[PDB]
Structures are given as structure tokens and as C-alpha cells.
């Protein structure tokens, strides 16, 4: 099927530059126009820039006109976006969108990418700390247990948590991060399992933090209490 994979996101200081890459697959890249759409948490969805099928028609939103540059590589099936003189107002989730139907430049989109988070700030990258929320008699309720993992003190967003290398999804709840007074984020991810399947089954949370290159597996053994 049609798939668009973003890359090149992260954290950068005001006035610096990155370069997003959107790799297209599953369709004729030459017969459709491509756009960049950002989701500003205060504003919402906003079309940033668009390019034609052969880099002929190029349009920019007035806020980035003169700072952003859009290009495509039909041989490599990739769309790029070059941000320059980044301001704190440019912080958003940058989606990759492809026009539907006839692939016209003035058409709406029918397929969006996974997005690439861009955070423009002066704060430094800080890796998280994973602490086990161990199950015990105080985390049960008649045959049902509750265990989890704690991701503490990281910057910036986001942090993804998977359980048992992705093979454990039923009953998983990964809470949205909170902001602490120190500027760093924190979240917890829990899962409810049978209280009898405690000590015989294995539960390992896989925590990921891209800006800090953090990949941690933590075993959650029951705390006998």
C-alpha cells in the first residue's frame, strides 16, 4: 500500500536548520503532487508548502516564505524540506501529504505520513530514566494484576514504550507526558495482566527516546509485598 516515511526531525536551536525526508512507496511518485503540512498545537492543521509533479509549481505559506525550501527527487522517490532561520513558532508535527485523484497541485490529500516532530528551543537534550512499577498485592483486584514502567526526566518529546518487543498490546495504557517544574517530561506505561500469570510470564518494557539515542529494556518482576 501507499506509505510515506518521514525522517530528520528532532530538536534544534533558534536560527539553525534541519532537513526532512519523506520517502514514498506503493504508488507512481511521478504522477502526484506532494506537500508538507504541519500541526501546530496552538493553531492546528496548516498547509506549509507544496510542489508539483516535476518541481514546476512551488508554493509557500507566508510565514515560511523566504526561509523554507521544498524539493523532490522522483528518481529516489523522496520529498525534502529545508528549514532555515527556525523560530520557536515553527514547532509542530510536520506531515507529508500526497494529492489524490489526478495528482493536481490544487487537490487535497489522500495519504499522510507518520509525521516528524520538530522542537525549536534552547534547552539541551536529556535522556530518560526507566524505573519499574513492580506489581504487588497492592496492585491487584481479584485475579487481575497491574504492572508498568516509569519514564522519568527526559527532554524533549516524545518517548515511545513497547512491551515484550511489541508482542504485548492488550491492556496497555501509555499515559501522555507531564511537565515537571524542572522543565523535563515524565510518563508511565502500565498493563493489566492475570494475577495468576505473575512470576511465570515475562514482562519487559522497551522505552525509546530518539533525541538522546536511548533504547532500554527493563524487566518488571513482582515486588513481594
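Positions refer to the first chain, counted from 1.
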Mean C-alpha B-factor comparison - 181 to 189 and 59 to 67, higher one: 59 to 67
Once average C-alpha B-factors are taken from the entry for 200 to 208 and 19 to 27, the winner is 19 to 27
Take the CA temperature factors straight from the PDB entry and tell me which of 172, 167, 37, 159 peaks. 159
Please pick out which of 135, 103, 132, 127 has the largest Cα B-factor as recorded in the entry. 103
Lowest, middle or highest third: where is residue 78 by Cα B-factor in its chain? highest
Quick tally, chain-level thirds of C-alpha B-factors: residue 90 sits in the middle
Check where residue 118 lands among this chain's C-alpha B-factors and tell me if it's the lowest, middle or highest third. highest
Compare the C-alpha B factor of residue 139 with those of the other modelled residues in its chain, then answer lowest, middle or highest third. lowest
Chain-relative C-alpha B factor for residue 150 (record values, thirds): the lowest
